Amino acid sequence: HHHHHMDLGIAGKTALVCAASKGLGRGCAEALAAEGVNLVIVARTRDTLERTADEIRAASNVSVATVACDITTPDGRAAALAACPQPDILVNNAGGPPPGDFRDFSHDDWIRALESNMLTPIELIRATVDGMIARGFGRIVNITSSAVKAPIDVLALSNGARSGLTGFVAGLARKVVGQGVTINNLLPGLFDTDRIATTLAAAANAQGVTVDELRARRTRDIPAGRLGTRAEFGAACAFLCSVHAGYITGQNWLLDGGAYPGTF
């Protein structure tokens, strides 16, 4: 007795997955490859990026192309679009800004954060949405942050840039959904990525605590009692990119184990 399970309907489509050699972006890449989506993946570090592409090719039956570039620069965006001029799916992602107190920031800190986490996604949407509209199908997913719903004092630069992206997305989403293009944001709370692990160990050593003690501290503030996985993050991305999600647009899906306490 075999069960049909869920065919997301997007085999043969193409996705441009930004910032995706590791972490959540890689989780989205893998989940889309398993649905038969051909990939162009972007990251800055060439040897890690090509290793990830090797591995996804082995693990899936799709094509994978790589672009080694800084997606937050004009030249990097041009290189990504040269390699993937007409994506059906765009996953926006880039490294987040540094923590600190805004009184200690220079103006250029704001500009860099706005470029990386707001204007870069907007520009890649600008560059790709008309082809999606012309084909009657498009899926744009922006990786943002649970901080959009509950800003953290020390993350001023992210609170601002990502809330700016979110406000822009809300307006555009309603304009293009009738042409078959959806635009939605995935808001991760704390996910078990290598970057998070590296940061945790540095923070433990700076406080004098063991890594286990600091891990437990973070987890106690998450009702789910665990960190998120890049796999379940990628699964939600793949569902938003599916033919079953064409009525869902401008949404901000919070994947945070219950941590944020608001009703909405």
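Residue numbers run from 1 along the displayed sequence.
Enquirer: If you average the CA temperature factors over each stretch, which comes out higher, 57-65 or 209-217?
Expert: Higher mean C-alpha B-factor in the PDB entry: 209-217.
Enquirer: Test of understanding: from the entry's C-alpha B-factors, which stretch has the higher mean, 95-103 or 180-188?
Expert: The stretch with the larger average C-alpha B-factor is 95-103.
Enquirer: Quick one: which of 28, 40, 37, 204 has the biggest Cα B-factor according to the entry?
Expert: That would be 204.
Enquirer: Between 152, 114, 173, 129, which one tops the list for C-alpha B-factor in the PDB entry?
Expert: Among 152, 114, 173, 129, the highest C-alpha B-factor in the entry belongs to 152.
Enquirer: Lowest, middle or highest third: which one holds residue 167 when the chain's residues are ordered by CA B-factor from the entry?
Expert: Within its chain, residue 167 is a lowest-third residue by C-alpha B-factor, going by the deposited values.
Enquirer: Pull the Cα B-factor of residue 144 out of the PDB entry and bin it into the chain's lowest, middle or highest third.
Expert: Within its chain, residue 144 is a lowest-third residue by C-alpha B-factor, going by the deposited values.
Enquirer: Determine, from the deposited record, the chain-internal third of the Cα B-factor for residue 200: lowest, middle or highest.
Expert: Highest third of the chain for residue 200's C-alpha B-factor.
Enquirer: So where's residue 52 on the chain's Cα temperature factor ranking, which third?
Expert: Middle third by C-alpha B-factor.
Enquirer: Going by what the PDB entry lists, where does residue 156 fall on CA B-factor within its chain: lowest, middle or highest third?
Expert: Middle third - that is where residue 156 ends up once the chain's C-alpha B-factors are sorted.
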